[PDB]
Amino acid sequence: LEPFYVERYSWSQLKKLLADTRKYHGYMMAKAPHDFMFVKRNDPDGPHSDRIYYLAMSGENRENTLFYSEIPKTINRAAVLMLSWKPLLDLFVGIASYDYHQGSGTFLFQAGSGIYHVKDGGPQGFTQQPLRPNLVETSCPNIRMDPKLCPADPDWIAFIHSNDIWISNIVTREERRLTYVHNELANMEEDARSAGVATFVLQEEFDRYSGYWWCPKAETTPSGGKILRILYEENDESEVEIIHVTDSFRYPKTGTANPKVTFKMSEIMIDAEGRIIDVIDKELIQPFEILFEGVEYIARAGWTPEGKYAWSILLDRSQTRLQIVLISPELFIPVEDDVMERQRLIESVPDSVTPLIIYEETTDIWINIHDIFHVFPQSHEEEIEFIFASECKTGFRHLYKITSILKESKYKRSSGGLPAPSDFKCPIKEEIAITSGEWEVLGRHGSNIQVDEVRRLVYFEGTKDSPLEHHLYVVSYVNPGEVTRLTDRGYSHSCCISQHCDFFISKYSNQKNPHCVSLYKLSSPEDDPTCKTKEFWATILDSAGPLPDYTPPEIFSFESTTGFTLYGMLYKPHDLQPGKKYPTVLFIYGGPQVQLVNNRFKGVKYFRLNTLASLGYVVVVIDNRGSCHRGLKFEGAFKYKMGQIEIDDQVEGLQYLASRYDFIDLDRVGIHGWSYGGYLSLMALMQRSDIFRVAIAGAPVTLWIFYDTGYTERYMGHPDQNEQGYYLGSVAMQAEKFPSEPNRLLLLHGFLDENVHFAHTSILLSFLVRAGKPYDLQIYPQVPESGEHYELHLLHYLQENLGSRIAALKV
């Protein structure tokens, strides 16, 4: 077997080969249609059942904006209907999201500096032409964030300005600040209080972006006015670590203080004319730490559908205990300066009115927070019926229908004592498994459920058919049995369901076929409303079909000494020669919450894995233990042991490939990844120098004590209880183990990285220097220009130090 040697291109020639083949800037294309909403036309004479509204980019260099398409009552089943995108807004930055109120037809969105509104599909009817956006007028000096329509009165919006909540009336022009917690004309180290804003760790590590929730119902007052309510989180970041990059912000490093959090409630009195009478800020009747002992993080919150109770999903610091809590507005009382007056209000609140833990669970691995939580209309004063998803019972996420009894508590506030841990716990009347099996329901990154309350069905997405494809399923929540798959095999799907439960949209792709979006009509046979069938209705987005210049990889699997099937992707060298062994590049992520190996189109983001194969590299990707869509036990393998197990699985997979394929030259293996991938690239060269000639680490984690609480503690615990795993997991603390031979270690980092600070790369550099070890470095100090330089530099480095003829001579 002769070594294959990649063509040795000049710098200028690699630059040209890359620019000639370059297809997409920043590893993304036009954002496919998304955030769909179905509105019925309710027009017996007309040809259309529904209008769909959605966000999309019509082209590559376009803004994300609002479109609608018409859903015909009938189609020609001989042909394929392509829906035409009619713009909703009359435009001469982008819209990331929007709000809608069914009853009025009011849209509300942010677009750059402005909050705007328009009306369509309400009582005022359906436009045939683009609408002019109506700017909501403000006096606020700074940009307004996170606007939301009051579901009980669409003349009212809320929004954030300089970390306080304001409200504003789009009819009357009345604008009112509700919270006085932050001073814009002040320092960041002096003022670390914020209302209605999710803090860094909740945004980055729990994907909660909003910190305030309109109560969905008005309370009518005896005057003929009403009360609106906003539940909001209030945060004090004073004790939280501050870090600067070239300004600065509050980053809870692992084992340090998270913010100090609480629930507040703004109570807003409006008269018969829609003008504010008064605004009463309310606080909890006893402080947060008393009512919810042991709770670090407010993971999710909202209201029950009639607005009787607020709810929250609450996590302990170790993220191994989860509680769902009902929080009556009655637990809130005016913020009172007068201790005398204040004392009266506290006793004016009955002892019966205390928090209600309707659900609690624990695990020895970790809680994976998700967006599934559906509350049924209350049928009885002292019962709540809901659907929630959990891995805690079987180690795969499944749907459970639960009924919790709303008991009066043992604990009495009057007695002047403190509550016991189980004093607010609610008895569980009923806990039925809706789903079960060796596969998971999806509840993250847009995956959710739709509940049909008429037919007593729940639509959900899951791994049931294959851990490599997401599919849409329907099942009864009343007498769970048959789970019906609604999407077709040989694609991975990403769906949403009409609110009306009679249509679904799928965005779908596979290894060979770029992404498409199609609409499917849902029906039931006349005899059984419980049974669901689907028919193709129309295409929303066609793909351009297979790219002529992209060769997909093949999915492979292998049974592993660890007891699991591990999946991988193999990119065979183009124009493959017989009796020639070729240099190999392992591309890796390997960290929690991500899966690289599945049946999806890889030709956009991972196009350059194809470019590499095209130059003569074997490219390999493997999802090691710790990767997702394989259940909690598979995910849990590296708890406390991050960095210790991932390279075994990668090497196992590589030896699998090399015994099965003799074109793989194990003498010439490179590894490359970003972030956790950068981490595992370094660990690889450190631990398995015999396997890996070269490691290129992008934005690596090098010291877990420099990373945040929400992520690090979940997988590695508090550092005080895992000094040894933090040590063995931190590449920076083990610089001595890297090779004493140059051209083997390349570090790549942005200077202004907000997630994986440059601090990781500079502390590693500091320890590499102490240990007298060599390293190559590239810095991208700000754009498409940076990305081209990286790709150019990476190809040139692999050529010169792995693949080329000269590479072999250099040793």
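Quick note: we count residues from 1 along the sequence shown, nothing fancier. We call the rigid core whatever largest set of C-alpha positions still superposes within 1.5 Å between the two forms.
Two stretches, 448-456 and 219-227, are weighed by how far their CA atoms sit from the shown form in 9 other deposited structures of this protein after rigid core superposition; the farther one is 219-227. Between 695-703 and 247-255, the larger root mean square Cα shift in 9 other deposited structures of this protein, once each structure is superposed on the rigid core, falls on 247-255. Among other deposited entries of this protein with both flanking residues present, at least a third omit coordinates for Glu60. Note: missing coordinates for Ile779 occur in none of the other compared entries bracketing this position, so the one-third threshold is not reached. According to the record, the deposited sequence contains no missing residues between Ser766 and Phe767, so the chain is continuous there.
Annotation for 60-68 versus 768-776: the higher mean temperature factor (C-alpha) is found in 60-68.
Higher mean CA temperature factor, per the PDB entry, when comparing 19-27 with 785-793: 19-27. Ranking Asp549, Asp371, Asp164, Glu204 by Cα temperature factor from the entry places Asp549 first. The residue among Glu189, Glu461, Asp708, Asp488 whose C-alpha atom has the highest B-factor in the PDB entry is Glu189. Placement of the Cα temperature factor of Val756 within the chain: middle third of the modelled residues, per the deposited record.
Sort the modelled residues of the chain by CA B factor and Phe249 lands in the highest third. Annotation for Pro47: C-alpha temperature factor in the middle third relative to the rest of the modelled chain, per the entry. In the deposited entry, the Cα temperature factor of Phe288 places it in the highest third of its chain's modelled residues.
Ranked against the other modelled residues of its chain, the C-alpha B-factor of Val197 as given in the entry falls in the lowest third.
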